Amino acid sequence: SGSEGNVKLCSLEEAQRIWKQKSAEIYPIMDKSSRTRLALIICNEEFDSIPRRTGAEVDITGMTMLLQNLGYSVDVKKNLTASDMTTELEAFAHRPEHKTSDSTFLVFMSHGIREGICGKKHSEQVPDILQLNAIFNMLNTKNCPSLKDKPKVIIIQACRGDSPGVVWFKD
């Protein structure tokens, strides 16, 4: 039904109204004919000691198709330890396609705690955790010079602790 699927299109009219309104305040887009956009999805569903994240395959399907719709070539990696996630992020940062890209998306989906994202072998006795800080460090201008000046969007589906996130008030 088209490359963009269910993503509503920006008409060329709508693109020119945006483009000269905030002209010098918009990230530049590369020619569609030659650019090589990449995105990375890391999803942990089956764990050695933590309950299985049923429904994760729906998330992978939806986010993979969405990112392809927006023009990204999507790598999907599943069921990684935190060390494996680091190795894969370093490999993603080194990809030559980033030099002829204008942006990137990274999506992480797992169990989580306050400190960060759980790897497949995480346990209370032996934690296996990737911190958001490490993700930023691996993709910054020093460690990923190919993405200098380009937007890097990081999406994280995970708990950030055990609390319900609510308080009561009197109506």
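Residue positions are given as counts along the sequence shown, with the first one as 1. In this text, the rigid core denotes the largest set of C-alpha atoms whose superposition between the two forms falls within 1.5 Å.
Undergrad: So if we fit everything on the core, which stretch drifts more in 5 other deposited structures of this protein, 13-21 or 153-161, C-alphas only?
TA: With the rigid core superposed, the C-alphas that lie farther in 5 other deposited structures of this protein are those of 13-21.
Undergrad: Please tell me which region, 22-30 or 138-146, has C-alphas lying farther from the displayed form on average in 5 other deposited structures of this protein, with superposition done on the core.
TA: Once the core is superposed, the stretch further away in 5 other deposited structures of this protein is 22-30.
Undergrad: Going by the mean C-alpha B-factor recorded in the entry, which is higher: 111-119 or 44-52?
TA: Mean CA B-factor is higher for 44-52.
Undergrad: Going by the mean C-alpha B-factor recorded in the entry, which is higher: 157-165 or 13-21?
TA: According to the PDB entry, the answer is 13-21.
Undergrad: Please pick out which of 64, 36, 104, 33 has the largest Cα B-factor as recorded in the entry.
TA: Largest recorded C-alpha B-factor: 33.
Undergrad: Based on the deposited C-alpha B factors for this chain, I'd like to know if residue 125 is in the lowest, middle or highest third.
TA: Ranked within chain, residue 125 CA B lands in the highest tercile.
Undergrad: Which third, lowest, middle or highest, does the C-alpha temperature factor of residue 73 belong to within its own chain?
TA: Tercile = lowest for this residue's CA B-factor.
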